[PDB]
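Only one chain is given next, in structure tokens, and it is the form deposited in one PDB entry.
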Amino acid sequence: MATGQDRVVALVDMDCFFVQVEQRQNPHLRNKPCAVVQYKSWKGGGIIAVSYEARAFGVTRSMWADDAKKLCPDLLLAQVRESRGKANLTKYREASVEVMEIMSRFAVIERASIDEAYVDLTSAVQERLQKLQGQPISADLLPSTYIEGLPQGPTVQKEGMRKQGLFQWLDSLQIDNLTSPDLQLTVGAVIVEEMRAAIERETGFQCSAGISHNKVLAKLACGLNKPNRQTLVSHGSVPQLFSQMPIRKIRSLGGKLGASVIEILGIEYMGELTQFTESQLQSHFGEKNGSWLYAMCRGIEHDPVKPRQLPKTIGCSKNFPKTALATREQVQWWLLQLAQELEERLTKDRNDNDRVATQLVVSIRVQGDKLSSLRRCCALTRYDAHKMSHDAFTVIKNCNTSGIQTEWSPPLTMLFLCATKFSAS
């Protein structure tokens, strides 16, 4: 009997992160419809973060600020800082570190993005259980927790509903069994309340969280009640939850694979995968995908929370959409600009994190081509922008089809520098 109740996993994700960062810094933006964009010289900038007040007006990510202004006239905007003609995300990376370090105090975390991390609470839950000494869990220890699927069976407002569901869960809880998966999830949720409380006290940032037995369910849970709430997804809530859950909502199925699952099998919801054998899914999607899908639709997933808090690579990119680079002098200048930010971030990384990058990856796009046109690596022996930028030029310089030694053809529409292969130092 397959179980998938072996771990306690949480996913903490910051609410409207970039917006919150700007709001802490500028109190005038607090509790208002606001958004964060970069490069306003074109269409007021492209929206990448939206406060929940602004979302009420229908303002979304990927929307032009000028178009967003049509939906929400009083929409306030904070713009991503610009350096060397490029976007600078320094303020946000640093705010992220604040959050990651607080979370790191409770357990080993996997930085999943700039504003979220997975937490393996299995050992931490076990520790708390003996301390409890068979003591019941008060609802007071879960003041922002939702239990998905509850209340059920035999008030109207949301908070009243939340409490009623929480009480049904706690009233039915068997605290006698220290190996009860449902009990383990509850204690995990109590810890996450503490973890989320610590984040807000020490940063001012609010976040949501999902607590379940694996990463996928935890991630899904987190989005069930946003913002400033956490959701517990038990093993038992899975069949109902997945019964009307679109396949695309599940992490990693939001793209071509998920579309392929829908098209080939003629289904719409995650629960509908259960009627197929593992071999069947393997036949359509391969040995690896098939096994993963077979277990996942039953709420089972084994991807571990990796002990990794730091980025594996450090990269900078810029597009050049009639603005395309057509001279060697142009190509060299922008490679230098990219190299300058790269050196800046690398040096700080070396001091902070006791490591040194060893490989420099260069990538370019050509006006005719469809993301990357060419990607080449070279050795990274010194944190020097001039050296790195000259190196970037050298390995790509053979692309220049122009006979004349001053022009570049055909024009470049993207430059990209990435530092990889870190070694301890």
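So that the term is clear: the rigid core is the largest set of C-alpha atoms that superpose within 1.5 Å between two forms. Start at 1 and count along the sequence shown; that's the residue number.
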If I compare the deposited sequence with the modelled residues, how many are absent between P321 and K322: none, 1 to 3, 4 to 9, or 10 or more?
1 to 3
Could you bin the unmodelled part of the deposited chain lying between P154 and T155 as none, 1 to 3, 4 to 9, or 10 or more?
4 to 9
Stretch with the greater mean C-alpha B-factor as recorded in the entry, comparing 388-396 against 61-69
388-396
Mean CA temperature factor from the deposited coordinates, higher in 140-148 or in 341-349?
341-349
Could you check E116, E82, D354, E202 and tell me which one carries the biggest Cα B-factor in the deposited entry?
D354
Among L77, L217, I109, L178, which carries the highest Cα B-factor?
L178
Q282: C-alpha B-factor third of its chain, per the entry, is the middle
Split the chain's modelled residues into thirds by Cα B-factor; is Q206 in the lowest, middle or highest one?
lowest
CA B-factor ranking of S51, expressed as a third of its chain
lowest
Quick one: classify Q332 as lowest, middle or highest third of the chain based on its Cα B-factor.
highest
Against its chain's modelled residues, does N31's Cα B factor rank lowest, middle or highest third?
middle
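Unshown form deposited in another entry; subsequent notes refer to it.
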With both forms fitted on the core, give yes or no for whether the Cα of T401 moves by 2 angstroms or more between the shown form and the other one.
yes
